[PDB]
Amino acid sequence: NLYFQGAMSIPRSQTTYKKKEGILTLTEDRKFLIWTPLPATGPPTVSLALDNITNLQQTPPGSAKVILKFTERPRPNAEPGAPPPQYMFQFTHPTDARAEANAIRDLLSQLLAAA
Ligand SMILES: [Cl-]
Ligand SMILES: [Cl-]
Ligand SMILES: [Cl-]
Ligand SMILES: [Cl-]
Ligand SMILES: [Cl-]
Ligand SMILES: [Cl-]
Ligand SMILES: [Cs+]
Ligand SMILES: [Cs+]
Ligand SMILES: [Cs+]
Ligand SMILES: [Cs+]
Ligand SMILES: [Cs+]
Ligand SMILES: [Cs+]
Ligand SMILES: [Cs+]
Ligand SMILES: [Cs+]
């Protein structure tokens with residue numbers, strides 16, 4: 001009858017969003033995926049509630065870029081043919097890009113299924 005929560009630390013990963021460099025992480029409550037542009041002392045420019053995330057995709061290993069793509073629920077007044085909102089983050093750590101992507105992906109998938 002035991003219940004366990006995830007206990008891996010929250011990563012802060014070097015990532016590019018809409019061609020600007022920044023940091024992808026989660027809020028301390030693990031409810032929001034947040035991206036903040038460098039220097040990273042301002043507020044996030046992307047804040048995605050894990051409750052609104054509907055898919056998580058990745059470039060396959062050996063691709064030119066390491067990218068995670070998060071899809072969000074359609075916005076309330078979107079037209080029915082419109083694509084859903086999406087957010088692509090390219091991992092730019094020179095050696096650890098794919099490792100960091102995997103770590104975020106794993107943490108996110110665990111949280112998404114836990115909720
Ligand atoms: Cl959003
Ligand atoms: Cl949900
Ligand atoms: Cl790769
Ligand atoms: Cl609608
Ligand atoms: Cl996995
Ligand atoms: Cl769930
Ligand atoms: Cs890191
Ligand atoms: Cs969700
Ligand atoms: Cs889903
Ligand atoms: Cs790569
Ligand atoms: Cs809609
Ligand atoms: Cs976007
Ligand atoms: Cs970098
Ligand atoms: Cs659950």
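Listed values, structure above:
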{"read-out": "The chain: most fluctuating residue of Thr25, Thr59, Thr15 per GNM, C-alpha cutoff 10 Å", "value": "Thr59"}
{"read-out": "Choice from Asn77, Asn52, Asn102 with maximal GNM fluctuation in the chain (Cα, 10 Å cutoff)", "value": "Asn77"}
{"read-out": "J(HN,Hα) series, region 49-66, from Karplus relation 6.51 cos²θ - 1.76 cosθ + 1.60, nearest Hz, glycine and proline x", "value": "5, 4, 4, 9, 7, 9, 7, 9, 10, 9, 5, x, x, x, 5, 4, 10, 8"}
{"read-out": "All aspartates and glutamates inside 20 Å of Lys69 as judged from Cα atoms, apart from same-chain residues fewer than 8 positions distant", "value": "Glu21, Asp51, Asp96, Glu100, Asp106"}
{"read-out": "Sequence-distant residues sharing a close amide H with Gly22 (under 5 Å, placed H)", "value": "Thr15, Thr16, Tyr17, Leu38"}
{"read-out": "Calculated FRET value between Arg105 and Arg73, using beta carbons and R₀ = 22 Å, to 0.05", "value": "0.70"}
{"read-out": "Candidates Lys20, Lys69, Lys31, ranked by Gaussian network fluctuation over the chain, Cα under 10 Å, top entry", "value": "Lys20"}
{"read-out": "Dimensionless Rg over Rh [the chain; C-alpha; Kirkwood]", "value": "0.98"}
{"read-out": "Nearest-20 debye value, region 41-115 charge dipole, Cβ charges on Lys, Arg, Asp, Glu", "value": "140 debye"}
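Here the Cβ is made from the backbone with ideal geometry for all residues, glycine too, and neighbour counts use every protein chain on show. Readers should treat all values here as calculations from the given coordinates under stated rules, not as data from a laboratory.
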